[PDB]
There are 4 protein chains.
Amino acid sequence: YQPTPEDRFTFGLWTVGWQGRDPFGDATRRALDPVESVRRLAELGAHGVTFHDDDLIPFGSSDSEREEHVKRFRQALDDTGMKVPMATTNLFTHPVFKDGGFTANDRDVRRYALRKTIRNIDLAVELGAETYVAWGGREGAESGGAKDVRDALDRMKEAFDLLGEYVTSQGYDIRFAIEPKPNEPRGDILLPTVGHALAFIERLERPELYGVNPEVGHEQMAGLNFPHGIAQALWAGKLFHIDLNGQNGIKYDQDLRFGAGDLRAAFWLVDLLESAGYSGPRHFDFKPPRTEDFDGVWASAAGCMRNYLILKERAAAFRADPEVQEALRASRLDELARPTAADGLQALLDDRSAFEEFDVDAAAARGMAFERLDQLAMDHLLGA
Amino acid sequence: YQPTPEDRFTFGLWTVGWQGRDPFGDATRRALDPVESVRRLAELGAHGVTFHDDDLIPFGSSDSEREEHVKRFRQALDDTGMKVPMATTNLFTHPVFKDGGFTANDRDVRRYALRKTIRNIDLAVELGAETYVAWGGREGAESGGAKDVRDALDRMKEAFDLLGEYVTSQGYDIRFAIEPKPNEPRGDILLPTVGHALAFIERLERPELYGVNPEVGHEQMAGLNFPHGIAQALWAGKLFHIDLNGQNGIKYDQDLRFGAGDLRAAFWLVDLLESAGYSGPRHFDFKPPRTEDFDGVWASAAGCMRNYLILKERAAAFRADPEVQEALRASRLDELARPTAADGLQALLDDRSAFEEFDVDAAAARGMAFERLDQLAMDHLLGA
Amino acid sequence: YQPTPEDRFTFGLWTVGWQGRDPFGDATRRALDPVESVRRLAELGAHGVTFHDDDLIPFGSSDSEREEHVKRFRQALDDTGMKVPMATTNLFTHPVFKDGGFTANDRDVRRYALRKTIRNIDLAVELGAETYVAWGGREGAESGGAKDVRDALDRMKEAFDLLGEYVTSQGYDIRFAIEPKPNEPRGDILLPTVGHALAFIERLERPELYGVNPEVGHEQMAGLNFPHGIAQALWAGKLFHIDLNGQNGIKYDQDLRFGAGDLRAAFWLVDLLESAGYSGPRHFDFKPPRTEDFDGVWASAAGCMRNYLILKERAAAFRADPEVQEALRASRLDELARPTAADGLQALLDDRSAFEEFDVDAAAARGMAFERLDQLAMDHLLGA
Amino acid sequence: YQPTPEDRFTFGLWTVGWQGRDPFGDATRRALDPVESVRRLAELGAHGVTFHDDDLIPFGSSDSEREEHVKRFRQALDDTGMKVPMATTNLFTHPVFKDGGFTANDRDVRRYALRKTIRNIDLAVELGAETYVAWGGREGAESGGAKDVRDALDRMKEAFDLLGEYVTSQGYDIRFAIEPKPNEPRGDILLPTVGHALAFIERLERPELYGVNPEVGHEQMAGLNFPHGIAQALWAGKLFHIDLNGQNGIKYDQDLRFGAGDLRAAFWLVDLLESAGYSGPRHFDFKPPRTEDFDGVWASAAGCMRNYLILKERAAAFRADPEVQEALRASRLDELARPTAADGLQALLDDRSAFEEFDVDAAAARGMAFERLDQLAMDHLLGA
Ligand SMILES: [Mg+2]
Ligand SMILES: [Mg+2]
Ligand SMILES: [Mg+2]
Ligand SMILES: [Mg+2]
Ligand SMILES: [Mg+2]
Ligand SMILES: [Mg+2]
Ligand SMILES: [Mg+2]
Ligand SMILES: [Mg+2]
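Residues numbered from 1 in each chain as written, not as in the entry; some residues may be left out. Chains lettered and ligands numbered in written order. Heavy atoms only, no water.

The deposited coordinates for this entry were obtained by X-ray crystallography, with a reported resolution of 2.0000 Å.

Shown next, in the form of structure tokens:
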């Protein structure tokens, strides 16, 4: 299970670089130089890295220091072969963003968030990023009267339309991916799930420029089925990008390494991505626990890729098993793929076997044989 | 706080008629005649009632018994003035629906579910229903291999498109409202939240025929903010109908009476509905607890309407308070309503006060004054 | 992975016998004769079965029919070699128990619940049961004013003390195990977790007669760590019995087969039970999904035992691995087992290396190496 | 609703002093001088304040600076009349505590945590604290193999027994209160709920020295009923202290001001505390949201006390209402207070009206009238 750069594993600089500061604790690790992270991840078999603007260029850098950080970073990419498929904006750390960026109540803050983003898109294009991710981590509210959500949605649509106007203006070959999260650090966050983001995209001026970037642990913080959410995103044609990690149920955002958390969900996830032919990056947005030193940081990042590779092998064996293939026919997964009424509405209305002559009790008596199928999936996951 | 039929309070027959059977217990109350429920609700000040097909016509009724139940029901509506604004299909009780209706793996079951629905739409139109609700309570899965969600979404789209073809075919003035629920009785249910339903509607052939019917307790079973969800539905123009009840957090579907459960959320809900000018029915989908006898049934249903009326008074006082109106300006809710960049993209890029000359520290230092605003909302809710 | 009756797998009659009635659906399967369940489970490799009183003797049976059901049941046990290690009372199905049994507000109901229980203890002893389980499924409330919890706890203590007086009176060699559940079918249930039950036992007159019977899915309905709960029960000496199943997070009680649900938690559970030397029954309290016919019922029950056996093999390999044994020393699990201050309070106060001369920064810099250890546990679970 | 110091409202220095640093954001407010907080809280009507050791004496202070901070603090208490009823130890911020304090795997860290605590008890006694709170925020694990929970419980018992030996040794009139929390910042925390803490106390050498300090939002992070938990703590005699705040369901620890969050639960809480005659401090452990400036800080702290006072008035009116008093008799709350079988076991066994002659159907037919009672509680909460 050794990663190849064909496996397209990518990491956020903020992931292996997380210093371990949490709500009740100070940093446990020194800061990482972006250059060293690129080198270490390259040796581990990663394909690329991603960044917030403020991960790369310390907030408040003059043009001189900005260009110096960029050229050092770019040198590290040349020396390792690492790519930068995705970039994003930090619109949540600085106190100015305490009521949001695109949907702050203060108009001048909203303008500034648009400008800060625009400046990083230019940089993202220069480094070759294909996807620009937007996570509105501060767009929301702790109390009900603080945010008119219809107005806030007007301002959110407005920001994304202006960004699409810009990329169109500049001839940029780059697409946007909205990343949902239901809560934290705001008490409730706007566009809380994959569904809410998908719905919203359909109201934008140029919907084809916009997809979603779902995260395992985020949909799981609302107790939702992450493979189900991904399947609805693929069915709609909007899965531009994906963030992999683990999460143990409904609680604070854990950002465990991938495959930790809900293991059977990771299995069904990999199975879906592999079978659907998803070809984008396998991006890990995770936090090595603050118990770890740097050796634990790199072990945890290695574990992300290893667990994807093991599950991929297990899902491929599960779908290849002839006994599984017969189990699927036994549960009528083949019939689910067939049109309900390709013959049409009128034929349906005149088909007496569809109602008048339908033997409802015989139909109800057929078992679905789902428990045998699931044990085979278990047997395959465990290698039994 | 006495209900007027202008208040448009409506009840499901299955609500006050719930016999008290639960996963671990037998019925505590005898069955109610639909006629008696119409009479009792009319005396309480209700505007109308709603029904599943099987609430009204016992499953498996000949045409003779069917027409007899309908004419008795219709007589009760004539005698009381009660209306029937909404109707829906039972596609979840009978064992034949154990793997779903529109998305059962078995094709013959899917055909039968379409036919059973079509027969009830005709009836719904005859009784004057304006909205037809679809709750796919059995569309889902307990295990991962049992349902290909992309295929299932193909079958769901197919069913809803055929239904829209039918109403179009017949010149029916009726619209569909999809009711989301994240789980129970399936381990996970397809279209689990308002967002997932909104997204899906945009893929249908005739999206303008389809809206959502959100339920308080359903979005709250995923820990989501129900007023936030409703606001996104209004912003999209899709709030055709709404189901009111209470729920205490993430657990089984409680169906408590309205205003029980999360009280502050009910307040912010009423405030939104009243201020947005929502004009549809205020529908209660609730279950009088099985501890109650029939006198408790009617007290609980009365409590539904009373609590809506109290909160409506409190929200109206909150928005009318000049001190609240000044608090809202202090938190810049007025600025949230103003366009971020009505001047346009190019003006934004050349506006040096939006980035180069923006005093980020001064902006960050302004408090939002949200806690004063929320205490005024509290003071108003409590009548202090 | 074939079960031996030394593996002590036991099943509730109500488990494989569940007819599939749920809050929104009718039965999908016919009723099972207790005799046939004993035969079928014996062929599958089960060691024994358990029962509620009403599983075995239909509610309201004359003494004549009661003794006839008992003798038929007893004949089935003689013919198969099956044992009955545990029995319990149904104090939740009948409408009379709608406000609870031991803590009903009505005094006459509380008396009747005590008598119904006492009658089943006599029967349990005759059939050789060693543990009598109490699940107060209806002890609780949907609203706050309905139950004074201090009074209710007085009545609960009173019931359990009287039951202990009885078994003492009769010279019965049998112990009680309290089964916690946080909710459903009551909105909140009294003694909601393992901790609440453990605390309560310490207030009973004869605490040594009383332990806990935790259930996987129950502690998981509050989002708690089930292995952590079991370890606190073992540490206190109170793990008399245990109920195994699966559950996918915080939602209605799923009763999935064991190993479904949170798989990594099942692994850590088995590891704890095997290493601690737990010698009681491995009892499955589960529900074959109502999608299944009887062949699926027996496949699901087989899956319960298979998954226990696979995990047991994997946990045994994990603890036997020398590389794991060195990883555990690297994370200082050996030091956690050593007394903090066997030298005593005064030595601690005068030990300058414990405060005055303690190098806090050197200590903080040691990584815990937990992520390497967890990946080895993963590698072992998956058989990589 | 103006607070009197007889109302015994107390605040943690870390509460109004929280700078607004969260997992994804930097501080929004400057640090507060403990002296200014004492002055500002005194003007607001607070009775006292509480502290961690590191709130008062910056970590790593020489004896000279330590005594200087203490004397400045003590001067502020003399000038305002403020008391210090409770103190506690910071065993979670410093990186050395990243695997816990009392249950760190490293033995030298455990010794150091005991010594750091002991030093603050001496200080707590000098300032007149009556309760010493222990919150084991870092005692736990993110992965299963990292902590043997039985060993960890041995080390936890050991630490608390040594602390009790110390206070006994020194003749100190002070008692310990254990504060449970189910998660965050560890993935799971040991002693996760009130029940788990109560159970554990019963294993300590001197249980009478130890009670619990429950927090609203903590029990609510496991979806549990906080008034139910408090009632079990009062029934056991262990409610030494209490922490008040608000929390919106199962998610990260919000620390909203009291009365925000689950409002009806705050009502039932106040009702319980007032009726049970709880005489300890009403302590607010809350965080003014980081959206606020200092004026919002003080408004939020004022809101804590106001909302307690409003609810207290409403609960007192609810219990004083003759119509409520008759409703309680109608739901048989009076019978719940009466012994089930004061007549004894043998009388119970020979009482034919308790089983043989019991009319089970008549009993089951009595409604509980809980919904009328709850609407009166609602009517009273809202002032209708
Ligand atoms: Mg995250
Ligand atoms: Mg992310
Ligand atoms: Mg419902
Ligand atoms: Mg509904
Ligand atoms: Mg269960
Ligand atoms: Mg059980
Ligand atoms: Mg807290
Ligand atoms: Mg606290």
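There is more to say after this.
Within chain A, the secondary structure is distributed over 16 helices and ten strands. Its C-alpha radius of gyration of 23 Å places chain A within 12% of the 21 Å reference for a compact globule of 384 residues. Expressed as lengths along the three principal axes of its C-alpha atoms, the size of chain A is roughly 80 × 50 × 45 Å. The burial tally for chain A puts 67% of its 384 residues in the buried class. The long-range share in chain A, meaning contacts at least 24 apart out of those at least 6 apart in sequence, stands at 78%. (Helix = DSSP H or I, 4+ residues; strand = E, 2+ residues; numbered from the N terminus. Rg over C-alpha atoms; globule rule 2.2 N^0.38 Å. Buried < 20%, exposed > 50% of the residue type's maximum accessible area, 1.4 Å probe, protein only. Contact = heavy atoms within 4.5 Å.)

Our focus in this paragraph is the relation of the copies chain B and chain C. For the pair chain B and chain C, the superposition axis carries a translation of 0.0 Å, the fit reaches an RMSD of 0.0 Å, and the rotation angle comes to 180°. Such values leave the two copies arranged in the relation of a two-fold axis. Most of the interface of chain B is mirrored in chain C: 100% of its interface residues are interface residues there too. (Least-squares fit on C-alpha atoms.)

Turning our eyes to something else, we now look at the relation of the copies chain A and chain B. The two copies are related by a screw motion: chain A maps onto chain B through a turn of 180° and a shift of 0.0 Å along the axis, at an RMSD of 0.0 Å. In this assembly, 100% of the residues forming the interface of chain A have copies in chain B that are likewise at the interface, indicating an isologous arrangement.

Right, let's get into the sheet that holds strand β10 (residues 282-284) of chain A. Residues and elements named next belong to chain A. Taken together, eight strands build an open sheet; the order of strands is β8-β6-β4-β3-β2-β1-β10-β9 and the sheet is parallel. Lying at the two open borders of the sheet, with one neighbouring strand each, are β8 (210-212) and β9 (243-244). Strand direction decides the pairing type here: β9 and β10, joined by two bridges, are parallel. Across the sheet, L244 pairs through a bridge with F284, a residue of β10. Along the sheet, helix α6 (residues 149-169) contacts β4 (131-134), β6 (175-178) and β8; its crossing angle with β6, the most-contacted strand, is approximately 160°. Running over the sheet, helix α11 (residues 294-320) touches β1 (9-12), β9 and β10 and is turned about 145° from β1. (Pairing = 2+ DSSP bridges. Axes fitted to C-alpha atoms, helices over the stretch in contact; angles between N-to-C directions.)

Turning our eyes to something else, we now look at the interface of chain A and chain B. With 98 residues of chain A at the interface, the matching set in chain B holds 98 residues. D108 of chain A is the salt-bridge partner of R366 of chain B, the closest N and O atoms lying 2.7 Å from each other. Looking at the side of chain A that touches chain B element by element, the count peaks at 13 residues for α6 of chain A. Class assignment of the residues belonging to the side of chain A that touches chain B gives a composition of 51 nonpolar, 15 polar and 32 charged. (Salt bridge = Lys/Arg side-chain N within 4 Å of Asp/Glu carboxyl O. Nonpolar A, V, L, I, M, F, W, Y, C, P; charged D, E, K, R; others polar.)

Moving on: the coordination of the magnesium ion (ligand 3). All names here are of chain B. Only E215 (OE), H218 (NE2), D253 (OD) and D255 (OD) from the protein reach the magnesium ion (ligand 3) as donors, at distances of 2.1 to 2.8 Å. Taken in sequence order, the residues that donate to the magnesium ion (ligand 3) follow the motif E-x2-H-x34-D-x1-D. Between the magnesium ion (ligand 3) and the magnesium ion (ligand 4), both coordinated by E215, there is a metal-metal distance of 5.0 Å. Remark: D255 occurs in the loop between β9 (243-244) and α10 (263-276) and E215 occurs in the loop between β8 (210-212) and α8 (216-220); sequence separation between them is 40 residues. Each member of the pair, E215 together with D255, is buried. (Donors = N, O, S within 2.8 Å, 3.2 Å for Na, K, Ca; no water.)

In this section: the packing of aromatic side chains. Counted under the stated rule, the structure contains 88 aromatic pairs over all chains. An angle of 65° between the planes, with centres 6.2 Å apart, marks the rings of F11 of chain A and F286 of chain A as edge-to-face. Taken as a pair, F11 of chain A in strand β1 and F286 of chain A in the loop between β10 and α11 lie far apart in primary sequence, 275 residues in all. Note on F11 of chain A: relative accessible area 0%, which makes it buried. Of the residues examined, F286 of chain A reaches a relative accessible area of 0% and is grouped as buried. Taking the centre distance of 6.1 Å and the plane angle of 70° together, the rings of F160 of chain A and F200 of chain A count as edge-to-face. A residue pair is termed long-range when its members are at least 10 positions apart, and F160 of chain A in helix α6 and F200 of chain A in helix α7 (residues 194-201) qualify at 40 residues. As far as the burial class goes, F160 of chain A and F200 of chain A line up, both buried. Here the guanidinium or amino end of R175 of chain C rests over the ring plane of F240 of chain C, the centre of that ring lying 3.8 Å away. (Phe/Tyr/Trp six-rings, centres within 6.5 Å; stacked < 30°, edge-to-face > 60°. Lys NZ or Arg CZ within 6 Å of the ring centre and 35° of its normal.)

A regular strand places its side chains on the two faces of the sheet in alternate fashion. Residues and elements named next belong to chain C. With four bridges joining them, strand β4 (residues 131-134) and strand β6 (residues 175-178) adopt parallel strand pairing. Bridge pairing in β6 links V133 to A177. Note: β6 against strand β8 (residues 210-212), three bridges, orientation parallel. Directly across from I178, in β8, lies its bridge partner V212.

Attention shifts here to the UniProt feature "binding site: Mg(2+) 1" in chain A. Residue and element names in this part refer to chain A. Sequence positions flagged by UniProt for "binding site: Mg(2+) 1" are, in local numbering, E179, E215, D243 and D285. Across 107 residues in sequence, these annotated residues keep their C-alpha atoms within 11.7 Å of one another, forming a single compact spot. Tracing the backbone shows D243 in strand β9. On the basis of relative accessible area, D243 is assigned to the buried category, the value being 1%. In this structure, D243 is in contact with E179, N213, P214, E215, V216, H283 and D285, ignoring residues within four places of it in sequence. Here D285 lies in the loop between β10 and α11. Excluding anything up to four places from it in sequence, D285 contacts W14, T15, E179, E215, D243, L244, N245 and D255. A distance of 2.9 Å separates a polar atom in the side chain of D285 from a polar atom in the side chain of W14. (UniProt positions renumbered as here; feature names shortened; annotations may be inferred. Polar contact = N/O pair within 3.5 Å; in protein donor to acceptor, adjacent residues only side chain to side chain.)

A few words on the coordination of the magnesium ion (ligand 7). All names here are of chain D. Here the magnesium ion (ligand 7) is held by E215 (OE), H218 (NE2), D253 (OD) and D255 (OD), and the distances to it run 2.1 to 2.8 Å. Of note, the magnesium ion (ligand 7) draws all its donor residues from one chain, in the sequence arrangement E-x2-H-x34-D-x1-D. Separating the magnesium ion (ligand 7) from the magnesium ion (ligand 8) is a gap of 5.0 Å, which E215 spans by donating to each of them. A residue pair is termed long-range when its members are at least 10 positions apart, and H218 in helix α8 (residues 216-220) and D253 in the loop between β9 (243-244) and α10 (263-276) qualify at 35 residues.

Note on placement: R314 of chain B falls in helix α11 (residues 294-320). In this structure, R314 of chain B is in contact with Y1, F267, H380, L381, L382 and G383 of chain B together with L382, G383 and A384 of chain D, ignoring residues within four places of it in sequence.

This paragraph deals with helix α10 (residues 263-276) of chain A. Residue and element names in this part refer to chain A. Its 14 residues give α10 an end-to-end C-alpha distance of 20 Å, which sits within 8% of 20 Å, the value for a rise of 1.5 Å per residue. Extensive coverage of α10 is indicated by the burial of eleven of its 14 residues. Those residues of α10 not exposed but buried are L263, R264, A265, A266, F267, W268, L269, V270, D271, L272 and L273. Downstream of α10 by a residue or two, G277 has a phi angle that is positive, lying close to 75°. (Expected span 1.5 Å × (residues − 1).)

A word on the environment of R111 of chain C. With respect to the helices, strands and loops of the structure, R111 of chain C is situated in helix α5 (residues 107-126). Distance from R111 of chain C to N213 of chain C, taken between C-alpha atoms, is 24 Å for residues 102 residues apart in sequence. Setting aside residues no more than four positions away along its own chain, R111 of chain C makes contact with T340, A341, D343, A347, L348, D351 and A354 of chain D.

All names here are of chain C. An order of β8-β6-β4-β3-β2-β1-β10-β9 is seen for the eight strands of this open sheet, with the pairing classed as parallel. For this open sheet the edge positions go to β8 and β9 (243-244), each flanked by a neighbour on one side alone. Two strands pair when backbone bridges link them, and strand β1 (residues 9-12) and strand β2 (residues 48-52) are joined in this way by three bridges, in the parallel orientation. Counterpart to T10 in the pairing with β2 is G48.

A few words on the pattern of salt bridges. This structure, assessed with the given rule, holds 140 salt bridges over all chains. A salt bridge links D343 of chain B to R111 of chain A; its shortest N-O distance comes to 3.0 Å. Of the two residues, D343 of chain B sits in the loop between α13 (333-336) and α14 (345-350) while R111 of chain A sits in helix α5 (residues 107-126), which places them in two different chains. You can call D343 of chain B partly exposed: its relative accessible area is 41%. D53 of chain C is paired through a salt bridge with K116 of chain C; the nearest N and O atoms lie 2.9 Å apart. Taken together, the residues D53 of chain C in helix α3 (residues 53-56) and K116 of chain C in helix α5 connect sequence positions 63 residues apart. Taking relative accessible area as the criterion, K116 of chain C reaches 6% and is therefore assigned buried. Where salt bridges share partners, they join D99, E142, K147 and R186 of chain A into one cluster.

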